[PDB]
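Read through the structure below, which is laid out as structure tokens, and then see the notes.
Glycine gets a Cβ as well: all are built from the backbone with ideal geometry, and neighbour counts include every protein chain shown. Basis: the model, the stated rules and, where named, an outside source; nothing here is a laboratory result.
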Ligand SMILES: Nc1ncnc2c1ncn2[C@@H]1O[C@H](COP(=O)(O)OP(=O)(O)OP(=O)(O)O)[C@@H](O)[C@H]1O
Ligand SMILES: Nc1ncnc2c1ncn2[C@@H]1O[C@H](COP(=O)(O)OP(=O)(O)O)[C@@H](O)[C@H]1O
Ligand SMILES: Nc1ncnc2c1ncn2[C@@H]1O[C@H](COP(=O)(O)OP(=O)(O)O)[C@@H](O)[C@H]1O
Ligand code: VO4
Ligand SMILES: [Mg+2]
Ligand SMILES: [Mg+2]
Ligand SMILES: [Mg+2]
């Protein structure tokens, strides 16, 4: 009855309700329609408000009354949500019943800052050899995994997440990791493919998954990441740590412009509303490192991105790589070659530096990634040498054979001390000379051979946490 | 139910501009998506409501011509979206974008009709079960495998082998299929729809006598407005839906170009009061392609093994049209135009033809390895073919492919109208021995193009005789 | 002074749309550029006035979030632009885009504050005196020389070595610098700002105890709105200003990306009521980049030796962003992405790295000649590397470079976190003998990459031993 606290829709279409009244609406407080539907107020104007509707229009129509929910767009969060799947507004969908939470959390928070943060230390294990060893991911940071269609971005992240297994039930609480998987755009079957699959490895038991799958109106595919950020922020603000994956921010880019153009906010580049930066800066900047003096907690984020034929410098990618610290590039161009994960060095970095890689990798991996940084020339030459520096062949013999050790691949992660097992053997050229081909069986058998008799050598990394003078010899004996 | 308020469900047309008719009701505003009936007509003109402009005026999208329409004509409110008759009583018949019968065989007597706009199946409805389904085609069946309920996607750059392939998949798959089938022809030629009709008669599939028909034909093409090409894909989907759900069966659905579902918006967007985007397009293409494709799926009640087709405007995969689509198709096949020169047919490319069903568990460890190995050799092959050696081969480094490229160039059935070459196929059967040889080296030496327009290794020596070289 | 008229300097917010808040005052319209105080707040929200729309309504640009703002909230008129406290009493502290303390160490007690919008130094204020200043870096110090008050510009294509370099210039230059220093971090990571903080503690530069601090840290980054990234560069400049002028000293200023001063407009332009331009941008980018950079200069009262950084959107120097900027920087360094593959680091390129201080009078006749000669050999080198010979070298025409390319690839200090390589530097000292040899032929023959990730000729033979070749 009063346009003070309510208002009748003046127009609607394409999910942009030009509501009348709502004089007291705040600038972002989500609201309520007559068909019982949310939408938040985005364009507060002199004679209307322009609300963006969550979900398909149909029921929304000229006159529908709108009500106030005086609370900036906030979403549920807490421990309860662990082990479930919800849309991207909080509410569950895995039919597993309700998760009546009692600790909300808004999504428009501003990233901490200089003083709350400290230093990326206490790395996080993907379990993916090639990843960690080469590209080690530290905790509290943003690692960008760009990569074209069919290339492994979701699997790697899915392995990286599967790796926390043994951790989420063992001793050292601090040596754990909770997981938040954000699905943006994807077919809701691909999502059920993961929920079920992660459930197979019990992995879902310590994970939270959120979906903004195609059907869902553009705002949802938008608000989704900002919903997952908050999920983990529960941990990053409670000592506990977390791993969030924003599967396709790219698709969220495709999905953001939509919403803004319909509010008549002048487009700029490829329709992208200008604040396509503040779109993805604002978000990533929220996964930070927490200082003891503030909590010690953390949140690591790997934003997924869609590579258009190989271009990593497209607007949005620049927009995203220009932020994130460390970007793992996945190239479809390689893959089938067997070169999987297929990471391009020279166009992908860890950025945070050797702080992530523990002394172990700082011992072995120290040569691995930049041996290949300029090797991208020689491995891009040898194909035609003949009369050069006769023995320059070593820096070459060292890409091929190793490469076949550098090609992790399976639905299984090889813990840090196993990763300290097989690759090390190469960096310390012993397998070396031997024509590659069978190398695959070393990395395979060296373990079934290790967990069958060598149960102490791995134990010297849970004691000394590096390579022993001793086990150097020991390993060096089973390898030779 | 379709029944309005105790106040006039009639509006009077206030604006006409090609495919957009604005209408103004006084006593009963019709929701978005509602099918409207234009009075004063000599036919059936339905205008789908699209927006609620205010000033008690809606905004519709014309389902057929807006010819002769007049500023004041009465428009009726049905009170429900465009609903087409769904049922077994639509099999063997041809419907149009509204359910009107266009195969001329009179009324489509049916128990009910379903709205063409229905809520897509929820999360707790989906099904992880990915049981395989064989086509017996080279790249298409082997390389990028297919599956039950899985979506097929053929990316063609305008006349590269997208629709030919589909008739073909009808050949091996449709006929032998148990369960019902559908074919929504969206956008594309009327010529084909006709032939496709009569071919489906010649081969019984559609029988005009008994009641032994399995396919259902929904059409809405080129000679029509975009409001029509916008929804024909929906209708031919609303069909396949009813069969899977309310009649628990594993259906098949054939969409001849499913992104016409978007040319549509690209022809109605701006003229609706919207701000353009990528290429001009629409700030909705994502949700569009989305909301639609998320219906053609399986569920706890039945499965829909579908086959679509997606066009490549200006030959640019860089179009957010073929592009955006990818994320939906459970197997890729980007037929290349630079490939048709090479004659390689289908023009499926040894790069951009993915699948979310190509793991050793379902395809084969042996098979998926040489696939990796076929595209492997192929990758450095794509480079070598020009890089290093500079076109002319020979050079040095003897360190197969040209062979395998001819292997997966199965000229098959639907391509007979060109050179008598026929149904080159057979379900995996003797791929073994054959293709593996090429790669490891075995049997690989036969004078190059001597093994070109054929597949099975058995025809290397069964042709060497045809074209012999010795003395 | 900041005092309004005898009529209300309070307006009421009439429109909010993201970063743009329109406000309406009745008894005292606030000029463009005035800092406005939003009442009803739980923090400090300042809206910088931008236009005088008429109907007695202004148009502001939000300096922080516009969350929860309400159509009617009172907005106060300060009566003067955003003014930050300037003084020695800001050294060792961290300020934000308004002067608020963000390093948490409490109030910034200062004698006065200066407006962040000040008239740039006039013509009869400028100074022709270009006294040299050494950095001891290969390309950067030698090739494209630097200077006192001179502007440095690092053009990076997103992760090519723009910010790493700056920390480095801090290393050799900042620490050893006599006089005060500043660091405005505009746009870029908060991660870095943090580390940069603590590193400046670890190395005393910023000491939290005594009062032996020389740098001043002004920040406004990524997790903030564009109104903020628009002016943080200004503030960290308003700082360096006060030191040079009112306190006669030769300051240094470090802007981590200064064109963020333009992403800003690119995020506020159109939403302000403007017609787009180049790439969408703004019809102001020129005057923008202009009006701002024309403050960071020397004068008859003091000097500001600054170091900026300019990003290359979509890797296109063809962007009117890196482009337009060039005309300001007293030495260029376009780090190339196709160079990082080559590992060459810094990625400074043997072409696009100019300077308006590279004449024999100040750099050297000997030095500027072999520089001409280094890029000379390099030019026909860029051609030969592909042209004529076609990739593979050898060919014919023996008529050094690959050598010199390794010379100027000094891996230095700030790149230790990658492969232990350390502070490769030293101020000109032994460039003599060394680099000249390469070009005339002398000492030039050492087995190619055998002299790669190092610089001094003395390490050709001090490595030949490392990797030997003979018998
Ligand atoms: N280690 C592995 N080696 C070879 N293939 C793998 C491996 N792990 C997963 N795969 C297969 O690789 C593909 C992994 O990438 P996936 O398709 O899931 O994600 P993506 O390409 O990044 O994004 P999208 O799902 O949109 O294609 C899957 O099709 C999967 O079956
Ligand atoms: N299997 C095939 N073998 C040989 N040529 C083919 C084959 N399929 C298509 N073509 C060639 O390409 C043209 C276009 O193919 P078509 O399948 O009709 O594509 P679409 O209808 O999707 O544009 C045909 O006219 C024919 O010359
Ligand atoms: N001096 C250097 N030596 C070797 N690699 C470098 C050097 N400077 C930068 N890099 C490489 O390039 C990446 C991007 O450089 P960075 O300086 O952080 O640029 P920006 O911060 O300006 O984007 C780093 O992660 C590193 O791999
Ligand atoms: O990495 V930089 O996007 O800031 O050029
Ligand atoms: Mg994916
Ligand atoms: Mg066709
Ligand atoms: Mg930077």
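All of (1) at the interface with chain C (Cβ under 8 Å from one of its Cβ atoms); (2) crowded, with 20+ Cβ neighbours inside 10 Å hold for residue A:350 with one exception: (1). Report, by residue number, each residue of region A:293-312 that is crowded, with 19+ Cβ neighbours inside 10 Å and either at the interface with chain C (Cβ under 9 Å from one of its Cβ atoms) or within 16 Å of ligand 4 (Cβ to nearest atom) (or both). Selection gives A:303, A:305, A:312. Go through (1) more than 16 Å from ligand 5 (Cβ to nearest atom); (2) crowded, with 24+ Cβ neighbours inside 10 Å; (3) more than 30 Å from residue C:281 (Cβ to Cβ) and name the single condition residue A:277 misses. It fails just one condition, (3). Count of region B:168-186 residues, restricted to those that are in a loop (DSSP other than H, G, I, E, B) and within 22 Å of residue B:84 (Cβ to Cβ), is 2.
How about region B:433-450: which of its residues are more than 15 Å from residue B:410 (Cα to Cα) and either loosely packed, with under 13 Cβ neighbours inside 10 Å or not assigned by CATH to the domain that holds residue B:465 (or both)? Within region B:433-450, B:433, B:440, B:441, B:442, B:445, B:447, B:448 meet the criteria. Is region B:352-374 home to any residue that is in contact with a strand residue (DSSP E or B) (Cβ under 7 Å, 6 or more places away or on another chain) and within 11 Å of chain A (Cβ to nearest Cβ)? Yes. Only residues that are assigned to a loop (DSSP other than H, G, I, E, B) and farther than 22 Å from residue B:292 by Cα were counted in region B:101-128, giving 10.
Check region A:64-77 and report whether any residue there is within 27 Å of the chain's Cα centre (by Cα), more than 17 Å from residue C:18 (Cα to Cα) and surrounded by fewer than 21 Cβ atoms within 10 Å (Cβ to Cβ). Scanning region A:64-77 turns up at least one residue that is within 27 Å of the chain's Cα centre (by Cα), more than 17 Å from residue C:18 (Cα to Cα) and surrounded by fewer than 21 Cβ atoms within 10 Å (Cβ to Cβ). Exactly one residue out of A:356, A:342, A:379 is within 24 Å of residue C:337 (Cβ to Cβ), more than 9 Å from chain C (Cβ to nearest Cβ) and surrounded by fewer than 17 Cβ atoms within 10 Å (Cβ to Cβ): that is A:379.
The residue that is nearest to ligand 6 (Cβ to nearest atom), among those in region B:105-151 that are within 14 Å of chain A (Cβ to nearest Cβ) and under 17 Å from residue B:308 (Cβ atoms), is B:151.
Restricting attention to region A:92-122, the residues that are in a loop (DSSP other than H, G, I, E, B) and within 14 Å of chain C (Cβ to nearest Cβ) add up to 15.
For region C:326-333, the criterion of being in a helix (DSSP H, G or I), away from every other protein chain (no Cβ under 12 Å) and within 16 Å of ligand 7 (Cβ to nearest atom) is met by none of the residues.
Residue-level analysis places residue B:351 outside the set of residues that are closer than 19 Å to residue B:440 by Cβ, more than 16 Å from ligand 3 (Cβ to nearest atom) and surrounded by 16 or more Cβ atoms within 10 Å (Cβ to Cβ). Can you confirm whether residue B:76 is in a loop (DSSP other than H, G, I, E, B) and either away from chain A (no Cβ under 14 Å) or within 30 Å of residue B:407 (Cβ to Cβ) (or both)? Taking the combined requirement at face value, the residue does not satisfy it. Counting the residues of region A:196-236 that are in contact with a strand residue (DSSP E or B) (Cβ under 7 Å, 6 or more places away or on another chain) and under 19 Å from residue B:127 (Cα atoms) gives 7. Is it the case that residue B:346 is surrounded by fewer than 23 Cβ atoms within 10 Å (Cβ to Cβ) and either assigned to a loop (DSSP other than H, G, I, E, B) or more than 11 Å from every other protein chain (Cβ to nearest Cβ) (or both)? No; evaluated as a whole, the condition is false for this residue. For region B:154-209, a residue qualifies if it is touching a helix residue (DSSP H, G or I) at 6+ places or on another chain (Cβ under 6 Å), away from ligand 2 (no atom under 11 Å from the Cβ) and farther than 24 Å from residue B:267 by Cα, and the qualifying residues are B:180, B:181, B:182, B:206. Checked against the criterion of being more than 16 Å from ligand 2 (Cβ to nearest atom), within 12 Å of chain C (Cβ to nearest Cβ) and under 22 Å from residue C:312 (Cβ atoms), region A:329-338 contains one or more residues that satisfy it. Any residue at all in region A:155-163 that's within 16 Å of ligand 4 (Cβ to nearest atom), surrounded by 19 or more Cβ atoms within 10 Å (Cβ to Cβ) and assigned to a loop (DSSP other than H, G, I, E, B)? No, that holds for no residue. Can you confirm whether region A:274-288 contains a residue that is away from chain C (no Cβ under 11 Å), within 15 Å of the chain's Cα centre (by Cα) and more than 16 Å from ligand 4 (Cβ to nearest atom)? There is no residue in region A:274-288 that is away from chain C (no Cβ under 11 Å), within 15 Å of the chain's Cα centre (by Cα) and more than 16 Å from ligand 4 (Cβ to nearest atom). Out of the residues in region A:230-250 that are buried (at least 24 other Cβ atoms within 10 Å of the Cβ) and under 22 Å from residue A:147 (Cβ atoms), state the one that is nearest to the other protein chains (Cβ to nearest Cβ). Checked region A:230-250; the qualifying residue nearest to the other protein chains (Cβ to nearest Cβ) is A:248.
Given the condition away from ligand 4 (no atom under 16 Å from the Cβ) and in a strand (DSSP E or B), answer yes or no: does some residue in region B:187-204 qualify? Checked region B:187-204: at least one residue is away from ligand 4 (no atom under 16 Å from the Cβ) and in a strand (DSSP E or B).
Conditions (1) crowded, with 24+ Cβ neighbours inside 10 Å; (2) more than 9 Å from chain A (Cβ to nearest Cβ), marked per residue:
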residue: C:198; (1), (2): no, no
residue: C:201; (1), (2): no, yes
residue: C:220; (1), (2): yes, yes
residue: C:237; (1), (2): yes, yes
residue: C:244; (1), (2): yes, yes
residue: C:258; (1), (2): yes, yes
residue: C:283; (1), (2): no, yes
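When C:208, C:165 are screened for being away from ligand 3 (no atom under 13 Å from the Cβ), on the phi < 0 side of the Ramachandran plot and either over 14 Å from the mean Cα position of the chain (by Cα) or crowded, with 24+ Cβ neighbours inside 10 Å (or both), only C:208 passes. Filtering region B:386-407 to residues that are more than 14 Å from chain A (Cβ to nearest Cβ) and touching a helix residue (DSSP H, G or I) at 6+ places or on another chain (Cβ under 9 Å) leaves B:393, B:400, B:402, B:403, B:405, B:406, B:407. Residue A:324 passes every criterion in (1) assigned to a loop (DSSP other than H, G, I, E, B); (2) more than 8 Å from every other protein chain (Cβ to nearest Cβ); (3) more than 16 Å from ligand 7 (Cβ to nearest atom) apart from (3).
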